[PDB]
Amino acid sequence: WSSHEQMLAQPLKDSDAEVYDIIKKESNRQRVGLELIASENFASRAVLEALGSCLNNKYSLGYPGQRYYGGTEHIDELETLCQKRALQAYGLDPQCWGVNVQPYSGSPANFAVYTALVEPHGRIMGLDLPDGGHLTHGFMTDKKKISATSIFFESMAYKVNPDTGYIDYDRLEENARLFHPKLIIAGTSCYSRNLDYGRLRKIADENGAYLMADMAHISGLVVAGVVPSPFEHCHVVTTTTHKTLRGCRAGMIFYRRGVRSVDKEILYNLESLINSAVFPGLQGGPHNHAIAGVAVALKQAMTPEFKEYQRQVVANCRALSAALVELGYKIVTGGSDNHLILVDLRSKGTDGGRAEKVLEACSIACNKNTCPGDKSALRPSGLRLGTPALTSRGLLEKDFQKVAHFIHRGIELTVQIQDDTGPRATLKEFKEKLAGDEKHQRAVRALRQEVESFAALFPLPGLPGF
Amino acid sequence: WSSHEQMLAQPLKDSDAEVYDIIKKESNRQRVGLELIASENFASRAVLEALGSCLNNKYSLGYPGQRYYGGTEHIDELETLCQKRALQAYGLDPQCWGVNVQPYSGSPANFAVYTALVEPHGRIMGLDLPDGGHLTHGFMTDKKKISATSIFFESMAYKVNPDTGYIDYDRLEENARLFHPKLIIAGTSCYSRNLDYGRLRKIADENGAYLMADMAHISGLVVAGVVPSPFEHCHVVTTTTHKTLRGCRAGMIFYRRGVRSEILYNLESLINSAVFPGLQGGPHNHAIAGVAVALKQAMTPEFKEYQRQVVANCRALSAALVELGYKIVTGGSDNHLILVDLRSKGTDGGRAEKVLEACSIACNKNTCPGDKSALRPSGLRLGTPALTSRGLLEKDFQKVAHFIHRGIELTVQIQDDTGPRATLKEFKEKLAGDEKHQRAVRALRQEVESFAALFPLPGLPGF
Amino acid sequence: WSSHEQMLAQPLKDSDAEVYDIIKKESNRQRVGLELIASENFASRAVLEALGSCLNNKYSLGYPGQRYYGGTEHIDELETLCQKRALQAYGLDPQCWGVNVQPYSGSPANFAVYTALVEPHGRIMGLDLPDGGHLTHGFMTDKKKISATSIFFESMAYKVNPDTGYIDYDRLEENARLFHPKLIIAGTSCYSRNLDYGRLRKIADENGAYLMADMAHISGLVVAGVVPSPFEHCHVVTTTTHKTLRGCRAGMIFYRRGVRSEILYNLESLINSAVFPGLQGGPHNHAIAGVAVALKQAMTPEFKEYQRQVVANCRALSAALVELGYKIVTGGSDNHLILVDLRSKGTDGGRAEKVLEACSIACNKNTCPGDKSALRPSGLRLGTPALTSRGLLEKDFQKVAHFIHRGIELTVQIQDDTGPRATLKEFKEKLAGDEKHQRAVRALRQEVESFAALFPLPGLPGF
Amino acid sequence: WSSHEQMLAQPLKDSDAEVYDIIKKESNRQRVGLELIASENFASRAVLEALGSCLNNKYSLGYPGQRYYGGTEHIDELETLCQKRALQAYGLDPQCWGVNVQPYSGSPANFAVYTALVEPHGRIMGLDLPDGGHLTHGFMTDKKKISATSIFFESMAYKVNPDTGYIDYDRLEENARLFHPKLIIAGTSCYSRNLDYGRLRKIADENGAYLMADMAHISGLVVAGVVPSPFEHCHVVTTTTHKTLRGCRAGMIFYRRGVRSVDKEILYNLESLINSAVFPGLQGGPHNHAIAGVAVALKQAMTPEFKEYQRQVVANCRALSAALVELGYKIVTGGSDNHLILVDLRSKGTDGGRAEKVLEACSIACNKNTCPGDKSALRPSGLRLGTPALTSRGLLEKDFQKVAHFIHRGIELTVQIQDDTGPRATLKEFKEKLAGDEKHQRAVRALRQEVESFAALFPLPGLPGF
Ligand SMILES: *Cc1c(COP(=O)(O)O)cnc(C)c1O
Ligand SMILES: *Cc1c(COP(=O)(O)O)cnc(C)c1O
Ligand SMILES: *Cc1c(COP(=O)(O)O)cnc(C)c1O
Ligand SMILES: *Cc1c(COP(=O)(O)O)cnc(C)c1O
C-alpha cells in the first residue's frame, strides 16, 4: 500500500521484466535482419522520446479553437504547432489548405473523410486490391462486404491494365459515368508508378465527385519533392505519418479551403465537415503524445538531410530493381518511380506465397502480393519489396546489389523446396516440408547466417538498443 | 549521410527544442494544479517506457496465428501475453471469455462491436447523454445525427428518473419492446451509482438483444473488486485502458466464448473481423505493450489498495461538500465520481468550471437529470482517481472541498456583480476585468498551487 | 383475320364461360349473405361502368401539363376533373390543398408519401397493429421486418391504453422525444373512436415531424361531415377510394399547399415525383374515371344521408349487442365499426369468425387491446357500411345482432363439446363433423340467407 | 334519401354525364387516329366486361392457400384458374415454375421482386435508360436518385454499343465482376432485337446473382412463339398484362421452383420470398376484377387467332421498317426482331423531340427516344414506333406502307417548321411556331384529314363505341 508510490516510478526493467525481455528480443530481431517490407521504417529517437511524454496524461476533447474542458494552453500550442509544420512541410498556403492531425492512424483518417463527404451508402471508387489498392479504399466479394468502407458505403473498384501494369484511366472514366461516384480515391499500397492526379481530377469533376488522395506510401517522397505532389489536383489528401514519413503511428487529413468554383462562386465546405466527422463523430480524446511525435517528425522531414535520405531511397530502389532484372527477374510495369517494386515471381517458376516464407526463415522480410495478371488470389505471383527501412540504416546502391543476391539465393532455395513438395501440393504442406526437412533447413541456416552478418554491419535507429 | 545517421539519434531536447519546451511547461502545469476531472489519471513510468520502445517499428497486420506478414515471433509473444493478463486481471476463464486488444482507443472499440453485432442501421439503445451517457452510445437531435453511432446505426436513448437520479429500468423495459434493440449498452460517463447488469440482462434477453457493457470509467474499480463486475451478466464488455485502469490510451473488447443456450456464441470471429480487416490497419504494438504492463500493475495488491483509496476519497469529498451545503445527484456515490448540482448555490456548472480553472482546479460542467437547458448545465462532475494517484487521502480531499467551495463562492460573486441575468460572455469579462476579482483568483490559485506541490507527480523522472 | 376481328368483340359470356360462371356464383354469394366486414362495400353501377371503358387503352405517363406522350387532351380533362371533385368533396381550397389521384390503391399511396417525405431509413411512428393499426403504418417483430414500411424505413409503434381502449397520447408524446420521428401516422383499421388530430399535430410540430392521416376507413364519413375532418390539422391525408367512400379500388394523396410558417410547403413536388417516375408507371385511367364518378356521388345529399344511416346502424347494432351481454371495446363507437370483446362470452374471435362464416355471416377476428396472445384474438370487428348500402335500418340491424348472437352461442357449443382446452383445428373438426352441429349451422345459415335476400344488391343489373 | 337506392343503380350516362362525355370523346379520338405507340394496345370486349364485375366488391387478403378472411370459395377458384392459365400459356411445368398474379401493374411487380431477392441497398444491374432501358430497372444521375429502384437499392446500368445498336455483353461481363450485382435485369422498353438470355445467364451465375427478365414489351410475342422465350434461362420473369399480351392493366411474377443447383443439391427459395414481398409486404387487397380480366386475356392468348395476330404484328413491323428504309430513314441496329423500331431521325436533319409534336397534331401518335449515339438527352434523335395497336385494328403489310408515307409526310412537315424557327431555337418556341402559324397549321389540318380518313376504315376493338 505504501509501495504503490514506488510502483508508479519503478523503471520498466525492474517493474515488468517479462515485457522488457520481449522488447529486447524484438529490438535484436530488428537488428540482425533485412527489412524489405515497403510499409515499415525506423522512427528517430526524438520522435520516440515524445511518445512517452507526460502528454499522455492530458485529456482534451475538441480542437484548439473550441475545447470541451479547460487547461489546454500547451496542448493548443502543440496541436497548433503540429498543424503549422504539416502545411509548411508540404508547402501549402494556410489560406488554401487546412489540416486535421487527430486521426489515430491511416485507416481512421480515411474513414473520417468518407463519413464527412460521402455519407452512408454513398458511392466511392478506389483501386482494386489485387491491382495494388488498399482495404480502406473498399474491399468486397460477391457474397460479403469485408472492409468497413464497403460495409458502410457503396464501393466499386477500378483496375490496372494487366498488360502494362498501369492504371486503366480510360475504363475508369467510362465506368464513373455509369456508377456516379461521390468520391474517387487516388492512392495505392503496391503500385510502383506515379498517379495521374490531373487526369483523375478531370474525371472527378466530370461526375461532380471529390478527388481524395491517400498518399500514405509516398508522403515522405512528396515532402522531399522526389515524386509529383498530389496537392496540385486533389481536394483532400490523407496520410499515415509512419511509413516513408518516418514518424510514429498517426494520421492526417489535408483539405482545401476557400473558393471551390465560379460561374458567382461557391465555397469549400470541407473543413467543418471533416473536423466534425473526426470529433465528435468518430473519435474521442486525441492522443496528444502521438501528435507531439508527428510534430517532431515533420520538423525532421523538412531538413535537407531528409531530402537527401529520400533521394537515396529512390536511388536504392532503382539499383535493387536493376540488379534483379539482371538476375533474370521480371518487375511489374518494367520498373519503378518510387520506393517499391512488385517482382513477378512467375518468371522463375514459383509464387510469392512460398517465397515469403523461405525469405522470412532467412531473416529477409517482405510480403507476397498478386500481380495484375494472376488468375488466383490463393497463389499470388509477386513479392513486394521496398527500400525505406534499409536506407534509414544507411544501405547504398552497392549494398542493395548484395541484397538482390541474398533475395535471389532465397528464391533459388524456395524453388528447390517446391520441386521437392510436388505438383498439386498445398502451402500448408510446403510450410511443413520447410520445417521438418534437414536438407532444406540446412540451406536456410546457412543463408540466414550470411544475411544476419551483413545486417549487423549497419546501425539500428531508435533508443539505446531498446 | 554522416549527419542523417545521427539526426535519428539526436535526443529530443537537442533535436526539437520547441516541442521539448511545450512538454516541460505542460508537465509543470500538471504538477501545480488539482486534477479533479473524472476521466484523467497519471500513467506509471514503466508504462510510458514501453510506449517509446522499438515496438513502434513493427508492422503486424492480423492476429497471433492469423498474421499477414512474417517476422512476428515476438509481437505474437507480446499480443498473447497481453491477452492472457487481460483475462487474468478480471478473473475470466479463457474457455468462457476472449479478448481483442487491438482497438486504438475507447471509441474505436465501441464502434467495432456495433459493426460486428449490430450491422448498418441496426438498433442500439444507450443512456441519454444529458443523463450521464457517452457519445459513442448514440447522440442525435431531431434535425441531425452527430455521433457516428447515430449516423451509421439507429439509436434511441433511455433516461434516468429526474427525481431519484437513478436509471429508470422500468421505462426502458417498456420502450425496448416497442423499439426492438439489437444491442443495449450499459455504461456511463457521469453516473455515480452501480448499474443493474442483471436487470439489464433480463431486458436484453427479453428482446433477443445483446447486452454490452462499456466499463471505461470503472475498469480500475472492477479489477480491484471494489464495485460489481459487469462480466457476470454481459455478452460483451469494452473498455479504455487509461482512466481508472491507469494505463496508456487504448481499448479492449471482451467477449463471451462457449455455449449461449445447443446454440453457441459467434462473437469472437465477428468482433475480430470487425476490428481488422474491417475498421483498423496495423495495430499500435507499443500501446499494447503499455497496456500489458498496466494490466500486470493492476493485479498487484498495491493497486487493489489504490482503488479502495480512490472510492474512500470520493466518499470523503462528497461528505465534505454535503456539509458545506452542496447537493449531490442521487444523494451520493458508489464509485470514483460525483455530480454536484450547483443549483443549490444559485449558479451553474458553466460559469463554475471557468472560475475553478483559473484557480488551477480542473473539472468540467455536466447537466443534471433535471436541467431544462443544455446551454446552462447545473452540475460539476468531480472525480478522485488522478489526485489519489498523487497520494491524497481523506483529510486532503476535505481541504480540496474547501478550495472548490472558495471557487464556487467566487464564481457566484462575479455573478452578483453581473446581475441575476447576464450572458456567459459577460460573466467571463467581469472575472478577468475587475480588480477585486482577478485578484481573488490570483489569491486562490496561489493557495491551490502551494497545496498541490506538496504531492508527487507520477511519470518519467523529469522532462 | 376474320375471326380474330370478332374474338375481340365476343361478349364475356360466350368468350370465356369458366370465368363468367365464377362471377355469377360470386355475385350470388354476395347476395344471400350478410356482409359485416368493416372494409367492404358495394360500388354503384355507374362507377363499374367507367372501369370497363376504353380508358383502359390510353397510356399516359406523367401528369396534366407534365405528360410524356401526346394525345392526352381527354385524359387531362379527366384527371383534372377528378382532382377538382376530390378537393370539392372534402371542402378544400385549391390554394391551400392539392391532390394526387394516381395511386393504384391504399397501400401504394401510403408508401409514396413515406418515400417522398421520409426517405430511406427515416423514422415513422404509427398505431401498433394489435391496437388497431394498419400494416402500411409499420409492422415488425424482434427478429424480422414484415411490412414494406418496416423494411425500407425505421418504424416504431405507439399503443392504446388497454384499460380505456383509447390511444395513449401522453406516452406517445414522451416516446416521440426519444425516437425523433420524421413522420407520425394518424389512421386506424380497427379503432371505433375519433382521433385527436389537434393533439397529434402538437406532438408532430414538437419534434418537427409531419402529421399524416390515413383516413381510409372513414373517408366516406368525413365527406358527409359525420366525423371530424383530419384536414384541419394534418399536412397530408391519404385514402383508399373504396371502403366507406364506396368507389372502385384506388388511392389518393392530399397535401397542403402554401405557407407553412416565410417558409413554404414543398409537399406537392416531392409527392408527385415519388408517385411517378418514382414508384409507378402508367396510371390506371379507368380507375380514375371510376373515382371521379364516385366523388360526384359522394357529394349528393343522398350520400350524406347514407352516411348518417351508416353511423346510426352501428349505434343500434352495438346497443343490441350490449343488451345481449356483449362487451364493446372502449364502450362504444363514434364511427362505422365496433370491436366486440368475445372474452365476455368465453370464446375468441378466432373460432367465432369460422362459425359465423359457415352461417353466411361475414366478419373477421381482431385482437383486443388487452390480449396476451396474437394466436387467440379475443375480438370480432364488425362494420355497417356494406349492409347499409343494401338498405338495412336500425330495426334490421337488431335482427342481425340476434343472428350474430346465435352464431356465438353455436361456436361456444362446439367449444363445450371440445373441452375448455383444445386446439383450433380440433374445434373446426367438431363443427364440420357432428350431426347436431353441422345441423345447427345449416339451420342458421338458412335463416340468414332468407333475411339477406329481402334486400337489393347494388351493382350492374345482373351478371 | 329514398333516391339513394336509385343512385346505386342509375346508369353512368344518366348518373354522371360529365365523365360519360369524356369517355365518348376519348373513344372517338382513339378511333380516328393512328396509334403507333409501342406500349399501347386495345383490350378485347370480354376482358373489359370482367373488370366491371361484382368482383370489385370482394376484399380478400392473402393467397388461395391461406387467406386472412373467409368467404373466398370463388375468389380462390378465380385466382387459381388465373395462375393455371398463366403457366399454360407460356408452356411451363408447375413443378418447375410458379406464378404470382396479384401485382397491380408492371412497376409494382418489378419492385416486389427486388424487395424479395435483393433487399435494401442490394445491387441491381439493368439496361441504361437512354440505351432503351426502363425506369424500374434503375434510373439516377450524379446528384439524385430518381426511380424507386435507385432510391431503395444500389443500381448501375450496362449499355449498348453505340456503333452496332446492340447490347455490349462483353463490357457487362467485365463490370459485373467489379460491381457484384445481386440481380441482373434483362428487359427493355426500346430495343428492337432479341436478348441473349443464355449469355446473360452465364454472367449471372458467374457472380452468383439472379437473372430476372422483364418481358413486359414482348410477353405477347413470347406466347405465340414468335421470339425466343426468356423462360429457358431466367430465374424470374415479370410482366405487365397489357401491351402486347393485350389484357387489362396488371402484372405477374413468374419464378422457378425445385432444385436450383447441385454439388448435395440446394433448392429455390423464390416462391415464398416473392409471395411474402407482394403481400403482406408491399400490397393490400388484390384487385380481383383485374385478375379476372387477366385470366380472360390469357385464355385468348392461347388461341390460334392470337398466334396469328402476333405473326402479323411482327410482319407489319418488318414492312413498316422496310418502307421507311426505302424512304431514306435509318433504323437503329438496321432493323427489328420484334414489334418495334427506333428510327434515327438525324438522317433527315431533325430530332424526335420536334417530330413527335407534329405527328401528334396530325393524329399520328408515337414518342421520342434517344438513340445510342445521342450526346444530349434534351434533343433525342429518334422516334420509337410499334405495331401491336394498329395490327389489332386489322392493318396488314400494305396498310403499314401507307402509314410509312403519312409518317414521312409528317417528318417533312416538322423539318419545314424547324428551318422556319431557326438555329439555336428552343422546343418551347418550336411548339409556339407550330400553333400560331397559319402557314404550318394549314399543312397539319390537311395531313390530319388524310390520316383520320384512313384510320376510320378500320374497326376499334372494345365495348359498343364506348
Ligand atoms: C498502410 C496504409 C494504410 C493504413 O494505415 P494504418 O496506419 O495502418 O492504420 C492506409 N492507406 C494506405 C495507402 C497505406 O499504405
Ligand atoms: C471516456 C470514455 C470513452 C472514450 O475513450 P476514448 O479513449 O477517448 O476514445 C468511451 N466510453 C466511455 C463509457 C467513457 O467514459
Ligand atoms: C384497408 C386499409 C388500407 C389498404 O388498402 P388497399 O386498397 O387494400 O391497398 C390502407 N390503410 C388503412 C388505414 C386501411 O383501413
Ligand atoms: C411499360 C413497362 C413497365 C411499366 O408498367 P406499368 O404497368 O405501366 O406500371 C415495366 N417494364 C417494362 C419493360 C415496360 O415496357
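Count begins at 1; order follows the chain as displayed.
Structure method, as recorded: X-ray crystallography, 3.0 Å.
For all residues, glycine too, the Cβ spot is worked out from N, Cα and C.
Features as listed in Swiss-Prot:
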ACT_SITE  D:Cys190  active site, nucleophile
ACT_SITE  D:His242  active site, proton donor
MOD_RES   D:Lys243  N6-(pyridoxal phosphate)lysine
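The residue listed as 'active site, nucleophile' sits 13 Å from D:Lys243 (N6-(pyridoxal phosphate)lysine), counting Cα to Cα.
Among the recorded positions D:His242, D:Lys243, the residue whose Cβ has the fewest other Cβ atoms within 10 Å is D:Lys243. At the Cα atoms, D:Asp263 lies 5 Å from D:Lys264, with 4 residues between the two left unmodelled. Within 10 Å of the C-beta atom of D:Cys190 (active site, nucleophile) sit 25 other C-beta atoms, taking all shown protein chains into account. Secondary structure at the residue listed as 'active site, nucleophile', as computed by DSSP, is coil.
In the three-state DSSP reading, the residue listed as 'active site, proton donor' counts as coil.
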